[PDB]
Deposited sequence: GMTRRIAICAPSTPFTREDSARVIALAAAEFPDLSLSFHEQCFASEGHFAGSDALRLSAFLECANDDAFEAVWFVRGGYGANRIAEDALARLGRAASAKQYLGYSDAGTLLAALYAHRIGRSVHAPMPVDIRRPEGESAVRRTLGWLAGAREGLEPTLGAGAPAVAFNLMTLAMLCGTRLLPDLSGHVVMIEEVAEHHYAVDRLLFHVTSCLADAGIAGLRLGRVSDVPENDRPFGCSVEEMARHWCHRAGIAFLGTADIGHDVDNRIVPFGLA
């Protein structure tokens, strides 16, 4: 019976109304104490982005600073949250520390920035856009269950503090003021739609950058939708990760149950 209100916004790329209706219906049926509020800005489009940087920033702060909501759930995680994150940090109020923030992929930019300042709770979790996947209700109900108080969706190695990032997003965040101090943390990674040489390039960069950071180690989640018409790279993605972790002196801790897929598990930062 205890109710909970969740705000949804589009820090980068846009959603559609019919798909939000689907998410609302699922929650109504399966999590009747949750209440979802999709900000109108979820549905704005200027092409790539869900409105201008000013509009995306504005909608995020409206959600984040409204104490009517216990969570902000990022609707979609295409490129672009880096254009609001720094400005957002300067304008977050007290309400914003009493919230949790949930999503994955580029939205990880916001997860990182909030965690770097200990604002609320940052949580890697499936997003409303996952409703579009085959069996995507399974992903969306994982996050809704989490918001309703269930813990079954936690990534099973959890129980060393953890962060989870999309590999490209982490590479972008390295060397910036948006990355938290990852010393003593397990860093879990996943990737989608990148060539094997691009995954190698990213691993080289991220492992090089984190070599001196004192992390607990790296876990490799799922690397998927790899283009299929390339010449053989010469080794597997796990071989690449182990190779670069060895060179950097970073412990390879094994795998993680995260990815751009409906089985993506929940990882609260820290």
May I ask you to mark the stretches of the deposited sequence that the structure leaves without C-alpha coordinates? 160 to 161, 273 to 274
